[PDB]
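Protein chains in written order, with the authors' numbering: chain UU, 217 to 266; chain LL, 2 to 242; chain QQ, 255 to 305; chain PP, 314 to 368; chain NN, 3 to 165, 191 to 309, 317 to 341, 374 to 451.
Quick reminder that beta carbons are idealized off the backbone N, C-alpha and C, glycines included.
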Amino acid sequence: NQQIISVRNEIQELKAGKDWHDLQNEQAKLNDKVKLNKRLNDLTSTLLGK
Amino acid sequence: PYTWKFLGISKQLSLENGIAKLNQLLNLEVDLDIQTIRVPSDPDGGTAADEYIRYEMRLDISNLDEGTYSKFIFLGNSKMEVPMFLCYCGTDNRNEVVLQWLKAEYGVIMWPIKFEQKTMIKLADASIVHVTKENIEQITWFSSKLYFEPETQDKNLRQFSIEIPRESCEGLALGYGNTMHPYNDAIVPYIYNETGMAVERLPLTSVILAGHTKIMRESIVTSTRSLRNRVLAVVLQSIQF
Amino acid sequence: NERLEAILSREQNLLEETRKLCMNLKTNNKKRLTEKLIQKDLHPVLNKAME
Amino acid sequence: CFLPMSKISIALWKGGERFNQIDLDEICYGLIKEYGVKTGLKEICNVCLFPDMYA
Amino acid sequence: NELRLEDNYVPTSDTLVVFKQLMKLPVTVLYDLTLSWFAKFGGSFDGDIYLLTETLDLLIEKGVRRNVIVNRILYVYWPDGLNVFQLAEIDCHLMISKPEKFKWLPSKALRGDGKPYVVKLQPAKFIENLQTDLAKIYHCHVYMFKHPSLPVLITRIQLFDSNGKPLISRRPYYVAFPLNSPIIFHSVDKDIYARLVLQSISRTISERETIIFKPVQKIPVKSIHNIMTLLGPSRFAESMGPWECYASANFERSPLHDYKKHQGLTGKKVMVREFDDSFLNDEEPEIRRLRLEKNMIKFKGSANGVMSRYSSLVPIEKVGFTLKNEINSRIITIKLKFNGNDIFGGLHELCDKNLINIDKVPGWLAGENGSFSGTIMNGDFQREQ
Numbered sequence: 217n218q219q220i221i222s223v224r225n226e227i228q229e230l231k232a233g234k235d236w237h238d239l240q241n242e243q244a245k246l247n248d249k250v251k252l253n254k255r256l257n258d259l260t261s262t263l264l265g266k
Numbered sequence: 002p003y004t005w006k007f008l009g010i011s012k013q014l015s016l017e018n019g020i021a022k023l024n025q026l027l028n029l030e031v032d033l034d035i036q037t038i039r040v041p042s043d044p045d046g047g048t049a050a051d052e053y054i055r056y057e058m059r060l061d062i063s064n065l066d067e068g069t070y071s072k073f074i075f076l077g078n079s080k081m082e083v084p085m086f087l088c089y090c091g092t093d094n095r096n097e098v099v100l101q102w103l104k105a106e107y108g109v110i111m112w113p114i115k116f117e118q119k120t121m122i123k124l125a126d127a128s129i130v131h132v133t134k135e136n137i138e139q140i141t142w143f144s145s146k147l148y149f150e151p152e153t154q155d156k157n158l159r160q161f162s163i164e165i166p167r168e169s170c171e172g173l174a175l176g177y178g179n180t181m182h183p184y185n186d187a188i189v190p191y192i193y194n195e196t197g198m199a200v201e202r203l204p205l206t207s208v209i210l211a212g213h214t215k216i217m218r219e220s221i222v223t224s225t226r227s228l229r230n231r232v233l234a235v236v237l238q239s240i241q242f
Numbered sequence: 255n256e257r258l259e260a261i262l263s264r265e266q267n268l269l270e271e272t273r274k275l276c277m278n279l280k281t282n283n284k285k286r287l288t289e290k291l292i293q294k295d296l297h298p299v300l301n302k303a304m305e
Numbered sequence: 314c315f316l317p318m319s320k321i322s323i324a325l326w327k328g329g330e331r332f333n334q335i336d337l338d339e340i341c342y343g344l345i346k347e348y349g350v351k352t353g354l355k356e357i358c359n360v361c362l363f364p365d366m367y368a
Numbered sequence: 003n004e005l006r007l008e009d010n011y012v013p014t015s016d017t018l019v020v021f022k023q024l025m026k027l028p029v030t031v032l033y034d035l036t037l038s039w040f041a042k043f044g045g046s047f048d049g050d051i052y053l054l055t056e057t058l059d060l061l062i063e064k065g066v067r068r069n070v071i072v073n074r075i076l077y078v079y080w081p082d083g084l085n086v087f088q089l090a091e092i093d094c095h096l097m098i099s100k101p102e103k104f105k106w107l108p109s110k111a112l113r114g115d116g117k118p119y120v121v122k123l124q125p126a127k128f129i130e131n132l133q134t135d136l137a138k139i140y141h142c143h144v145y146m147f148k149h150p151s152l153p154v155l156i157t158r159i160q161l162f163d164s165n191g192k193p194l195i196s197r198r199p200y201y202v203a204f205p206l207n208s209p210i211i212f213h214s215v216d217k218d219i220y221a222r223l224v225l226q227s228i229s230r231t232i233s234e235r236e237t238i239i240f241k242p243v244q245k246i247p248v249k250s251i252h253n254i255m256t257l258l259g260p261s262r263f264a265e266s267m268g269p270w271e272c273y274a275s276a277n278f279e280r281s282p283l284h285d286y287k288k289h290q291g292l293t294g295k296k297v298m299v300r301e302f303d304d305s306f307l308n309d317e318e319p320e321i322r323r324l325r326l327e328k329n330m331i332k333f334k335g336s337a338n339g340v341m374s375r376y377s378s379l380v381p382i383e384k385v386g387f388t389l390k391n392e393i394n395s396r397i398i399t400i401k402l403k404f405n406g407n408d409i410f411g412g413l414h415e416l417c418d419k420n421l422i423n424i425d426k427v428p429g430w431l432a433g434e435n436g437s438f439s440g441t442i443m444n445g446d447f448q449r450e451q
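Here it is, written out as structure tokens:
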């Protein structure tokens with residue numbers, strides 16, 4: 217019974233942990249930052265160069 | 002843990018009068034101790050008012066039987082109203098047989114000892130203070146806690162306690178400065194200083210030190226070998242009018 | 255005992271899958287953090303943001 | 314809502330030529346989001362009006 | 003997986019414990035109870051619903067004692083035993099009548115980065131979802147009812163274990204859900220069965236996102252009404268003690284009200300306090323009544339008081387306060403422990419008896435943060451977990 221309970225307890229703990237949600241959060245920020253740099257660098261080449 | 006029973010004396014008596022005639026009623030030998038020392042009320046100087054005389058003896062042959070062990074410690078003055086008091090520990094017939102023998106000998110009658118807040122707190126001050134062989138006074142500190150049992154209807158607040166770590170005790174006396182009465186100037190006012198409760202006005206049940214003494218109004222309990230001298234002196238002044 | 259034994263085996267399998275996904279996500283986050291924005295292609299108006 | 318609402322947008326021209334209105338929306342949405350409205354509008358002029366300061 | 007128990011099932015139970023339990027109930031609740039009981043499950047009585055009416059009407063018309071009717075129920079109408087739905091109804095009426103005997107304990111719901119989540123529990127969905135999860139583990143029978151005088155929903159959960192040829196019942200578990208609040212009330216029990224029930228409740232609520240349950244306090248609260256004011260959704264949840272008048276908001280009238288009876292225009296008479304310390308040194319009956327009223331305001335918040375007169379709005383059983391301060395460039399701490407029935411109410415009369423000074427009464431000692439045992443650091447109160 218506690219083998220079921222102890223396993224089930226850490227099933228929720230890993231999914232509800234701040235660190236796991238932080239990994240989700242850092243994924244969004246990292247993907248956004250590279251996108252902004254790519255677009256902003258692209259327009260600078262287009263605006264000045266051919 | 003040894004529980005001490007306190008008791009007073011109406012007029013000054015002589016006890017070494019007949020140690021030979023105190024034994025045949027009891028059928029075993031009892032020794033005698035004659036002793037007097039200085040009790041400095043003020044470190045700068047002391048008058049003749051601290052002149053104290055103390056007696057001590059026991060009623061036993063068996064050192065193995067620690068349970069059936071009792072001591073009668075006497076101490077007091079001869080110039081104020083109440084000359085002296087007495088204290089004893091343990092329950093046995095030996096704790097009273099001599100007591101009747103001077104029941105009908107000197108005409109002094111006994112009475113239970115009463116303690117209240119004006120006296121109860123100041124006993125721990127004499128308990129914590131120490132004296133060395135060179136007449137140097139240093140204080141060994143203890144984490145005191147207090148017991149409060151206020152009488153009330155509905156029993157809304159029947160018992161509450163205050164605990165002080167004695168490193169914080171150290172931080173309080175040092176802030177006030179070098180004091181001979183730490184509970185006059187570092188501890189008792191500070192409880193009123195922060196929480197606004199008067200310790201003395203409130204009904205106090207017990208003052209407990211960290212493994213040294215156990216003070217309650219009904220009887221004083223101490224785990225030491227024998228009681229000290231400042232404790233007896235402050236008890237004497239407290240029961241004095 | 256037999257039915258609950260399968261339940262114990264099933265839950266721990268999902269437990270390992272979720273944890274190993276979190277561990278993989280942690281490694282991926284470190285991979286994305288480095289080599290992607292600190293190198294020379296950084297934008298000076300974003301240099302203050304990275305400061 | 315009921316309180317007054319304010320919108321911010323930009324548009325740029327190159328000698329009468331109209332730029333793409335799509336890509337110019339993200340570059341103004343994220344630039345003032347990452348630096349605030351007060352500071353964000355300053356580098357809009359710095360980028361659009363002073364391109365050689367970057368090269 | 004038909005481990006759930008129907009209404010017609012008859013779990014084994016001792017007749018002696020239920021004999022004394024039914025004696026605690028009055029005749030008026032033991033009368034209508036059996037009438038609904040016969041209308042759902044019948045009985046061993048040789049008659050229909052109508053015949054059972056006048057026969058029971060004769061007993062109550064004679065003013066007969068509570069003992070004989072209980073014997074009739076246990077040994078005549080239902081000699082075999084009591085059904086599981088039948089048992090749950092009895093505890094339903096006991097909860098409503100006397101709620102003091104039953105403990106309660108709070109629990110906060112958190113999700114994600116820690117933002118509080120408001121529960122949107124539905125009755126129909128929660129019954130089957132809880133049953134489905136617990137069906138594979140044990141025998142579950144859940145029955146929930148709405149509080150008659152409060153918006154809180156009370157859920158009764160029982161676990162059954164096989165043995191006596193058939194199974195036997197275990198101790199019940201109570202979970203209370205407020206109508207709109209991120210705090211869940213549940214009974215306190217340190218059992219392996221109790222942990223499973225609470226954990227299973229968290230999973231079925233977490234269908235949207237993972238939700239954790241954290242115990243807010245350690246000391247239980249005696250009454251459901253008391254725990255609803257302190258922690259449930261109410262205006263008194265945060266402001267209490269000397270700030271109780273703000274929650275009532277009776278002092279300030281509507282801006283459109285007539286200005287003739289304004290407090291500022293009329294004014295009020297109050298006692299001038301002396302900041303010099305004259306309490307250690309220690317009569318006009320006009321000044322004496324002010325002294326009693328000063329303590330009245332400090333511990334209750336209003337001169338009239340909101341509910374003898376020494377009782378507080380919500381009694382507190384145990385509080386632990388730790389006070390820390392910096393003197394001589396070092397930390398000085400003292401620990402205060404309290405015990406009783408109404409600690410803040412009991413401290414009120416000590417001021418009335420002039421034992422303690424009312425002017426130097428800290429806010430936490432006055433009654434603020436009722437039933438919140440915490441540590442005071444640098445003039446601020448911090449929750450201790």
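Item                                                                                                                                                                                        : Value
Would you kindly work out how many angstroms separate the C-alpha atoms of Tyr200 (chain NN) and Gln160 (chain NN), rounded to a whole number?                                              : 6 Å
Considering only C-alpha positions, which residue in the set NN:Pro193, NN:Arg396, NN:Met255, NN:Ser164 is nearest to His213 (chain NN)?                                                    : NN:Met255
I want to see whether chain NN comes within less than 7 Å of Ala244 (chain UU), judged by CB atoms only; does it?                                                                           : no
Kindly give me the distance between the Cβ atoms of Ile188 (chain LL) and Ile165 (chain LL), rounded to whole angstroms, as I take these residues to be in contact under 8 Å.               : 7 Å
Quick one, which of NN:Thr441, NN:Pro205, NN:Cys272 has its alpha-carbon nearest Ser336 (chain NN)'s?                                                                                       : NN:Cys272
May I have a chain-ordered list of the alpha helix (DSSP H) segments no shorter than 4 residues that lie completely inside the segment 33 to 114 of chain LL?                               : 98 to 102, 104 to 107
Take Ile398 (chain NN) and list the residues in its own chain whose beta-carbon comes closer than 6 Å to its own, dropping the five residues that flank it on each side.                    : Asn391
With DSSP as the reference, please indicate the residues paired to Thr399 (chain NN) in a beta bridge.                                                                                      : NN:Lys390
Give me the Cα-Cα distance between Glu317 (chain NN) and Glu106 (chain LL), rounded to the nearest whole angstrom.                                                                          : 54 Å
So that I know if they touch, is there some Cβ in chain NN lying closer than 7 Å to that of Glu164 (chain LL)?                                                                              : yes
May I have the straight-line CA-CA distance separating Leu389 (chain NN) from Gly440 (chain NN), to the nearest angstrom?                                                                   : 9 Å
Count the other C-beta atoms from every protein chain shown that fall within 10 angstroms of the C-beta of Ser63 (chain LL), then say buried if there are 16 or more, exposed otherwise.    : exposed
Is there a C-beta anywhere in chain NN that falls below 7 Å from the one on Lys231 (chain UU)?                                                                                              : yes
Confirm the yes/no value for this check: CB of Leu246 (chain UU), any heavy atom of the ligand MN, distance under 6 Å.                                                                      : This structure simply doesn't include the ligand MN, nor any ligand for that matter.
Chain QQ beta carbons: is any one of them nearer than 7 Å to that of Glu339 (chain PP)?                                                                                                     : no
Residues of chain UU with CB closer than 7 Å to the CB of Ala368 (chain PP), please, in chain order.                                                                                        : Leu264
Quick check on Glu256 (chain QQ) - is its C-beta less than 7 Å from some C-beta in chain B?                                                                                                 : The chain labelled as chain B is not found among the protein chains of the depicted structure, namely UU, LL, QQ, PP and NN.
Taking the alpha carbon of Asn157 (chain LL) as the reference point, which residue from NN:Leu416, NN:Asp425, NN:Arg449, NN:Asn435 has its own alpha carbon closest?                        : NN:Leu416
CA-CA distance, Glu4 (chain NN) and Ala137 (chain NN)?                                                                                                                                      : 7 Å
Taking just the CA atoms, how far does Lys122 (chain NN) sit from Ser261 (chain NN)?                                                                                                        : 18 Å
For the structure I just gave you, are there three or more beta carbon pairs, one from the segment 124 to 134 of chain NN and one from the segment 343 to 353 of chain PP, closer than 8 Å? : no
Classify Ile137 (chain LL) as helix, strand or coil using the three-state DSSP reduction.                                                                                                   : coil
Between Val427 (chain NN) and chain LL, is the shortest Cβ-Cβ distance under 7 Å, so that the two count as touching?                                                                        : yes
Would DSSP call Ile321 (chain PP) helix, strand or coil?                                                                                                                                    : coil
If we cut at 7 Å on Cβ distances, does residue 311 (chain NN) have a partner in chain UU?                                                                                                   : Note on chain NN: consecutive modelled numbers read 309 then 317, so residue 311 (chain NN) has no coordinates in the structure shown.
Among LL:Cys90, LL:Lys6, LL:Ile114, LL:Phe7, whose alpha-carbon lies nearest the alpha-carbon of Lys72 (chain LL)?                                                                          : LL:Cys90
Nearest by alpha-carbon distance to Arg59 (chain LL): which of LL:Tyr177, LL:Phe149, LL:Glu67 is it?                                                                                        : LL:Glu67
Quick check: the Cα distance between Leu292 (chain NN) and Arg280 (chain NN), rounded to an integer number of angstroms?                                                                    : 13 Å
Buried or exposed: where does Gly329 (chain PP) fall if 16 or more other Cβ atoms within 10 Å of its Cβ makes it buried?                                                                    : exposed
What residue does the alpha helix (DSSP H) around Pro108 (chain NN) start on, and which one ends it?                                                                                        : From DSSP, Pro108 (chain NN) is part of no alpha helix (DSSP H) but of the beta strand (DSSP E) over 107 to 113.
Check whether the Cβ of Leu239 (chain UU) lies closer than 7 Å to any Cβ atom in chain PP.                                                                                                  : no
Quick check: the segment 201 to 214 of chain LL against the segment 140 to 153 of chain LL, are there 3 or more CB pairs under 8 Å?                                                         : yes
Going along chain UU in order, which residues have a C-beta closer than 8 Å to the C-beta of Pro364 (chain PP)?                                                                             : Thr260, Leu263, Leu264
Should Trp326 (chain PP) go down as buried or exposed, given a rule of 16 or more other Cβ atoms within 10 Å for buried?                                                                    : exposed
Give the single residue among NN:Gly339, NN:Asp309, NN:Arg300, NN:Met341 whose Cα lies nearest to the Cα of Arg325 (chain NN).                                                              : NN:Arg300
For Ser99 (chain NN) and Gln448 (chain NN), I'd like the C-alpha separation in whole angstroms.                                                                                             : 37 Å
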